[PDB]
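Heads up, the chain below is alone and in the form deposited in one PDB entry; it's given as structure tokens.
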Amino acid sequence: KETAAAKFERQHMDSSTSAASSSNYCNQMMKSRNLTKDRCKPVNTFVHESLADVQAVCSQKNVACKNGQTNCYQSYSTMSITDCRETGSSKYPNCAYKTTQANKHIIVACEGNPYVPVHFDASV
């Protein structure tokens, strides 16, 4: 059974220098990571850092999660990321995405023991 930490790696982890793909990165990535199987996931960020660097964020700046839980953490460093946002014309199961590359501070929710990223909350 897929753990929350494993699901965070599948949905958000793309360790590389930055986005690389043969075509539209977000279309290819959201499909291959199975983020378009039951619905078009409307917004999804990929993080192009090492897993260790992303896991380390669970000990960085504690911030309120958007839902009001208090187990969110903001990276001290900017981080190479790629935002995927569903287009207006995208309708499931023909999901389409616009790709936005950025360097931003990420905000993740962490849980468990070991305390590890389980949710991507925002970037700033």
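Shifts are known only where both forms have a C-alpha. C-alpha atoms forming the largest set that superposes within 1.5 Å between two forms make up the rigid core. In case it trips you up, residue 1 is the first one in the sequence shown, and so on.
Missing here is the form deposited in another entry; even so, the following discussion is about that form.
Participant: When the rigid core is used for the superposition, does residue 113 move between this form and the one not shown (threshold: C-alpha shift of 2 Å or more)?
Facilitator: The answer is no; the displacement is under 2 Å.
Participant: Return yes or no for residue 103: a CA shift of at least 2 Å between this form and the one not shown, with the rigid core superposed?
Facilitator: Residue 103: C-alpha displaced by less than 2 Å between this form and the one not shown.
Participant: Taking the rigid core as the reference frame, tell me whether residue 21 has a CA displacement of 2 angstroms or more between this form and the one not shown.
Facilitator: Shift of 2 Å or more: yes.
Participant: Since the Cα separation of residue 34 and residue 21 moves by 3 Å or more in the other form, tell me which way: closer or farther than here.
Facilitator: Note: Cα gap between residue 34 and residue 21 widens in the other form.
Participant: Answer with closer or farther for the CA-CA spacing of residue 31 and residue 21 in the other form compared to the shown form; it moves by 3 Å or more.
Facilitator: Compared with this form, residue 31 and residue 21 lie farther apart in the other form.
Participant: Would you please work out which stretches of at least three consecutive shared residues show Cα displacements of 2 Å or more throughout between this form and the one not shown, after fitting on the rigid core?
Facilitator: Shifted segment: 16-23, the only one.
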